[PDB]
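# Per-entry structural report
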Amino acid sequence: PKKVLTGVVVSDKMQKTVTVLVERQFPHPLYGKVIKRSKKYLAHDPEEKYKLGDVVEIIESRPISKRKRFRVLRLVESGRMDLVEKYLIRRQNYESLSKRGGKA
Amino acid sequence: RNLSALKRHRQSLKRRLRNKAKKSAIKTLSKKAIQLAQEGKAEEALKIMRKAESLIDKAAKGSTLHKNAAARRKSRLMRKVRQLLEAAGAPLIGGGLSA
Amino acid sequence: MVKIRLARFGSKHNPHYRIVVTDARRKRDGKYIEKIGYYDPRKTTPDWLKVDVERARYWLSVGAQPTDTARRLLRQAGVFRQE
RNA sequence: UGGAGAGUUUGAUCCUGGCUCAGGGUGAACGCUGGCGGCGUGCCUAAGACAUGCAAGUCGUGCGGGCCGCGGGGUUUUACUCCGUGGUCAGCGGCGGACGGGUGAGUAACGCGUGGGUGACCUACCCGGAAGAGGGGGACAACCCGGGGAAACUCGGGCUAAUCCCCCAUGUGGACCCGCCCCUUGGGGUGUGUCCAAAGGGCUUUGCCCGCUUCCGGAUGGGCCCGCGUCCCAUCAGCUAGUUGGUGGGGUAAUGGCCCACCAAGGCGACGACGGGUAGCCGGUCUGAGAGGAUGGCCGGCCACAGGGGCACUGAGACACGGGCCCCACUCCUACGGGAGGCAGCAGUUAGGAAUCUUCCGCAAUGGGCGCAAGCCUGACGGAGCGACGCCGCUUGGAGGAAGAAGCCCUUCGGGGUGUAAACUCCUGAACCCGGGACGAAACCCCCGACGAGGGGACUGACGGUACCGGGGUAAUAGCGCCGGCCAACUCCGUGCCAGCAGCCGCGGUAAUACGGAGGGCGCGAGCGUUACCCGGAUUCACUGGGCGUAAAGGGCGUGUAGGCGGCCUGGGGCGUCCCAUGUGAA
Ligand SMILES: [Mg+2]
Ligand SMILES: [Mg+2]
Ligand SMILES: [Mg+2]
Ligand SMILES: [Mg+2]
Ligand SMILES: [Mg+2]
Ligand SMILES: [Mg+2]
Ligand SMILES: [Mg+2]
Ligand SMILES: [Mg+2]
Ligand SMILES: [Mg+2]
Ligand SMILES: [Mg+2]
Ligand SMILES: [Mg+2]
Ligand SMILES: [Mg+2]
Ligand SMILES: [Mg+2]
Ligand SMILES: [Mg+2]
Ligand SMILES: [Mg+2]
Ligand SMILES: [Mg+2]
Ligand SMILES: [Mg+2]
Ligand SMILES: [Mg+2]
Ligand SMILES: [Mg+2]
Ligand SMILES: [Mg+2]
Ligand SMILES: [Mg+2]
Ligand SMILES: [Mg+2]
Ligand SMILES: [Mg+2]
Ligand SMILES: [Mg+2]
Ligand SMILES: [Mg+2]
Ligand SMILES: [Mg+2]
Ligand SMILES: [Mg+2]
Ligand SMILES: [Mg+2]
Ligand SMILES: [Mg+2]
Ligand SMILES: [Mg+2]
Ligand SMILES: [Mg+2]
Ligand SMILES: [Mg+2]
Ligand SMILES: [Mg+2]
Ligand SMILES: [Mg+2]
Ligand SMILES: [Mg+2]
Ligand SMILES: [Mg+2]
Ligand SMILES: [Mg+2]
Ligand SMILES: [Mg+2]
Ligand SMILES: [Mg+2]
Ligand SMILES: [Mg+2]
Ligand SMILES: [Mg+2]
Ligand SMILES: [Mg+2]
Ligand SMILES: [Mg+2]
Ligand SMILES: [Mg+2]
Ligand SMILES: [Mg+2]
Ligand SMILES: [Mg+2]
Ligand SMILES: [Mg+2]
Ligand SMILES: [Mg+2]
Ligand SMILES: [Mg+2]
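Residues numbered from 1 in each chain as written, not as in the entry; some residues may be left out. Chains lettered and ligands numbered in written order. Part of a larger assembly, values for the part shown. Heavy atoms only, no water.

This part is about the overall build of chain C. Within chain C one finds two helices and five strands. Along the chain direction, N to C, the helices and strands of chain C fall in the order β-β-β-β-α-β-α. The C-alpha atoms of chain C give a radius of gyration of 12 Å, which matches the 12 Å a tight globule of 83 residues would have. Counting only C-alpha atoms, chain C reaches 35 × 35 × 20 Å along its principal axes. Among the 83 residues that make up chain C, the fraction classed as buried is 33%. Relative to all contacts within chain C whose residues are 6 or more apart in sequence, the contacts with residues 24 or more apart total 35%. (Helix = DSSP H or I, 4+ residues; strand = E, 2+ residues; numbered from the N terminus. Rg over C-alpha atoms; globule rule 2.2 N^0.38 Å. Buried < 20%, exposed > 50% of the residue type's maximum accessible area, 1.4 Å probe, protein only. Contact = heavy atoms within 4.5 Å.)

So, about the overall build of chain B. What chain B contains, in helices and strands, is three helices and zero strands. Each helix (α) and strand (β) of chain B, taken in turn from the N terminus, gives the series α-α-α. Over its C-alpha atoms chain B spans a radius of gyration of 17 Å, topping by over 25% the 13 Å that the globule rule assigns to 99 residues. When the backbone C-alpha atoms are referred to their principal axes, chain B occupies close to 65 × 20 × 15 Å.

The next thing to look at is the sheet that holds strand 3 (residues 34-39) of chain C. All names here are of chain C. With mixed pairing, five strands are arranged side by side in an open sheet as 4-3-2-1-5. Each edge of the sheet is formed by a strand with only one pairing partner; in this case those strands are strand 4 (49-50) and strand 5 (65-66). Pairing between strand 3 and strand 4: two bridges, direction antiparallel. By the bridge assignment, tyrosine 39 is partnered in strand 4 with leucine 49. Lying over the sheet, helix 1 (residues 53-61) contacts strand 1 (2-8), strand 2 (17-23), strand 3 and strand 5, oriented at roughly 125° with respect to strand 3. Contacting strand 1, strand 2, strand 3, strand 4 and strand 5, helix 2 (residues 68-76) runs over the sheet at an angle of about 90° to strand 1. (Pairing = 2+ DSSP bridges. Axes fitted to C-alpha atoms, helices over the stretch in contact; angles between N-to-C directions.)

Below, the structure written as structure tokens:
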């Protein structure tokens, strides 16, 4: 079975390609509690069909590039920029964590 | 000292030449055919195309190209030649190509 | 090619062989494809040879080649007895 | 079938808390001691340097020769010349040299583990099935002739065979373009066109054996991709320009920025990017009641590496440890021009070090390469050798033997101890001697059958005159540590805060069970101590399994970002969770 993942498109910024964000719960090996944990896949979108916010199943597939080894299989739930926004703030944060601050 | 892995060496230098030559003959023929089509010289361009198709499959006979490496080379070639007489050819001597 | 041969398994002066299928290129004692018998050349017990002609016949049918004393042992278990 | 605790803070106490011991382990080393055997095991340091020998070849049933012999021919004889046969050498050619063997330097990576994918692929030798080999032509070594170099070696000229090279044919079939059908990533059909085959050898010679060609399948081996797992530092916080994606090329067995040109401006990171440190990964090992911790040494699997750095050739496979080229560092040769090397193969030497083995025997067995076979090769391997380095088995005797020698040791001067211990009586009989003496070995092969199944026969042992069996037969090594508490075991003398001990607590300042010796006692025993390291006791990083008023520990206070967490009722989904089946979980 080619692995199939389900995720949120969080990047349209590429030609014929979408960043897909894929979460996975699971219990922590030593301490028990259920930990969320996520990873971004680059997926092949040849119609530039799928759009920011779409929730797509992504499938294992023969390599298209470095990075691109998945193709967008189908569309689950169309539109939902909460996830995109959720993800978006997470990278907004990054700005703070450095050597200075104030209004930066 | 001395082996006859020594022999194995000099045998290779022989083959290194046989291969090199066979392969030169292709490159130089295939190019010639491609350029005859950029000029739309259809009958002559195929007359070369077919010889190069040969020298390829012939290469693959022994251990020079072998395989689907000749198939690669053949395909790549026959593509460009049909696609370059899209430029008002009509394959005359009509050798290499399916109608 | 894949062989049918002996794999040395006893101890110093205590040879037991496993009769094994394996690519000819493994070490004699390394990873094998399938054990299909065993041989105790000292006949220290009543049960000193054992084959499984079914599997032995299988591997022959796909062209495993047995070493000279493997085939001897295989014959001795009537791998080849066709009557 | 599984969990023990103790000593040490005080005049005493309870608690917190660290330190230490008792237990297990070892590729060990050091000290004292040392009898036999079986089986394991043995450079932890310099992936430092290496003398010498041996370590991958084989095939005359692919081919033609040179050299040294012998024999038979053509002639009336010689000369010249033809044929056969023995040895020998390399050459051409095939297959092997990509396995086997060594090491862990690098590597934190799809390297490894685990589970998947390949409609994106390869696979020599092997097995199965289908079909085929008809003509013709060429060259290069060998050899012959010359040159050059000191040498390693090298240049030119001429001849020639082949299972070496090529051209034409045959087209089962296959490859490629275009089309069409079914499939659905490059899977399977089909039509036209084009392109593509082959090698001969041996005979117990017409018909067998060994080969060759194309295609389809199997089997084995592999490439590549993906999910998930894989150490320490955040006193490393930002990183990236083939970077990220596209189009089209190149390249490959094959996918891919793998590489290139052009275009878009992406990609990555607090779920730890980038950087630094360290490290081969796993099966497993050790420890632990478990959960954990620690580790990767023997063996097995993967990876990587072959003085250091690049590289491609040949080929089914290599970017090749005992192949090729270049650069660097060493050592050697050198006629000063130039050359030759590469033990992390087996032994062995030297250096470093606390420390790590034989320049052994054998191809008898198993296994590998080539060969039709006979066979050849095989420091793989099977054995032997050294070291108490580990494990296990075994011996230094057994039964009797005093109210109880002698010496030594205490003493309350009577005695008490060593002590049934010895002496001694009898008995057995490790060592040693004699004799027999293996298993591992039945195949290849030859005969019968049919080169099948089946039967018959012969050959072969390094270990080794060993194992073991039988006959003789001698009373035949004991050491080391400890005795204040923890911790089993106390007396005398010497010594005087000295000499010394000491794991921790503490001993010794003139009556020391703590030092040194003696007698005795305790514990182990061919061994016993020491050091070093690992887990344990350590719920002393606490998931199981801890804490923070005063013991160490609440942020000076808020705000509220990420994140963590979330009241009662109904329904859907079924991610978490649970269940059954199944595959995997090699040895
Ligand atoms: Mg050869
Ligand atoms: Mg105090
Ligand atoms: Mg006190
Ligand atoms: Mg007390
Ligand atoms: Mg030994
Ligand atoms: Mg070392
Ligand atoms: Mg030898
Ligand atoms: Mg000769
Ligand atoms: Mg020869
Ligand atoms: Mg690193
Ligand atoms: Mg994986
Ligand atoms: Mg076949
Ligand atoms: Mg010449
Ligand atoms: Mg040929
Ligand atoms: Mg032809
Ligand atoms: Mg390392
Ligand atoms: Mg514990
Ligand atoms: Mg070295
Ligand atoms: Mg190198
Ligand atoms: Mg080959
Ligand atoms: Mg090649
Ligand atoms: Mg090599
Ligand atoms: Mg390599
Ligand atoms: Mg070597
Ligand atoms: Mg060595
Ligand atoms: Mg030294
Ligand atoms: Mg040894
Ligand atoms: Mg053999
Ligand atoms: Mg050995
Ligand atoms: Mg026998
Ligand atoms: Mg033999
Ligand atoms: Mg006591
Ligand atoms: Mg005194
Ligand atoms: Mg004392
Ligand atoms: Mg003491
Ligand atoms: Mg013992
Ligand atoms: Mg603990
Ligand atoms: Mg602690
Ligand atoms: Mg807790
Ligand atoms: Mg506490
Ligand atoms: Mg205070
Ligand atoms: Mg406090
Ligand atoms: Mg406060
Ligand atoms: Mg404070
Ligand atoms: Mg919140
Ligand atoms: Mg709730
Ligand atoms: Mg929530
Ligand atoms: Mg579920
Ligand atoms: Mg299961």
